[PDB]
Amino acid sequence: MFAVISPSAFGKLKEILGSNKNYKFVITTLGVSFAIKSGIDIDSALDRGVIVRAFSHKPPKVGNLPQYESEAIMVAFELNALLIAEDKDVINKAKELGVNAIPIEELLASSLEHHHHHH
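- The PDB lists this entry under the title "a PilT N-terminus domain protein SSO1118 from hyperthemophilic archaeon Sulfolobus solfataricus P2".

Following this line, the structure appears as structure tokens:
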């Protein structure tokens, strides 16, 4: 199953990759560009096996969300993938589309470590 990362999840790419693993992590063209412009380590993602998928052109439907998050959602929609998103609205908007967008810490919670419910 693919796991598409939204740009809102950047910086914590190491975390999701190294903890959960087992998914086919995917990042977008605008995604990698976001890392490049801001100066974020996208190489750590590629290093662990995050693939970059770019669609040629697919109409994105979003009103609040910017293109870089949109492309991530779109690619997750395309593949019917797991969407790793930190932004509250990115999660809920992708959820509308039928994409299981979840926060990083929940991706870490589903890392199959089997941790007992602790307080």
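## Brief notes about the sheet that holds strand β3 (residues 51-52)
- One open sheet holds the 5 strands; their spatial order is β3-β2-β1-β4-β5, and the pairing between them is parallel. In this open sheet, the two edge strands, each paired with only one partner strand, are β3 and β5 (100-102).
- Inspection of the sheet shows strand β1 (residues 2-5) paired to strand β2 (residues 24-27) by 3 bridges, in the parallel sense. Residue pairing across strands places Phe2 opposite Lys24, the latter belonging to β2.
- Taken strand by strand, helix α4 (residues 67-79) contacts β1, β2 and β4 (82-84), and its axis lies near 170° from that of β1.
- In the packing of helix α5 (residues 88-97) onto the sheet, the strands contacted are β4 and β5, and the crossing angle to β5 comes to about 170°.

## Considering the packing of aromatic side chains
- In this structure the tally under the stated criterion is 3 aromatic pairs.
- In textbook terms, an aromatic cluster arises when at least three aromatic residues are bridged by ring pairs, as seen for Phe10, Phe34 and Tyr68.

## As for the nonpolar core
- Counting residues in hydrophobic clusters, the biggest one holds 20 residues, and the most contacted among them are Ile5, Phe10, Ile16, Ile42 and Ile84.
- Secondary-structure elements contributing two or more residues to this core are β1, α1 (13-19), β2, α2 (29-38), β4 and α6 (104-109).
- With near-sequence residues (within four places) excluded, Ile5 lies in contact with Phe10, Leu13, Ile16, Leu17, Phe25, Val26, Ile27, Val50, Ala72 and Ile84.

## Regarding the side chain of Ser44
- In this structure, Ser44 sits in helix α3 (residues 43-48).
- In this view, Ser44 contacts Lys14 and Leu17; residues no more than four positions away in its chain are not counted.

## Section: unusual backbone geometry
- Despite not being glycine, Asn22 shows a phi value in the positive range, around 65°.
- Assignment of secondary structure puts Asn22 in the loop between α1 and β2.
- Since its relative accessible area comes to 66%, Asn22 is described here as exposed.

## Overview of the packing of α2 against α4
- In the contact formed by α2 and α4, the axes pass within 7 Å of each other and the chain directions differ by 140°. One element, α2, and the other, α4, form an angle in the oblique class. Seen along the crossing, α2 lies across α4 with a hand that is left-handed. Contacts from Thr29, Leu30, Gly31 and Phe34 in α2 reach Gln67, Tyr68 and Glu71 in α4.
- Counted by class, the contact of α2 with α4 contains 3 nonpolar, 3 polar and 1 charged residues.

The rules we used
Residues numbered from 1 in each chain as written, not as in the entry; some residues may be left out. Heavy atoms only, no water. Pairing = 2+ DSSP bridges. Helix = DSSP H or I, 4+ residues; strand = E, 2+ residues; numbered from the N terminus. Contact = heavy atoms within 4.5 Å. Axes fitted to C-alpha atoms, helices over the stretch in contact; angles between N-to-C directions. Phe/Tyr/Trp six-rings, centres within 6.5 Å; stacked < 30°, edge-to-face > 60°. Core = buried A, V, L, I, M, F, W, Y, C linked by side-chain atoms within 4.5 Å. Buried < 20%, exposed > 50% of the residue type's maximum accessible area, 1.4 Å probe, protein only. Parallel < 35°, antiparallel > 145°, perpendicular 65-115°, else oblique. Left-handed = near helix turned anticlockwise from the far one by under 90°. Nonpolar A, V, L, I, M, F, W, Y, C, P; charged D, E, K, R; others polar.

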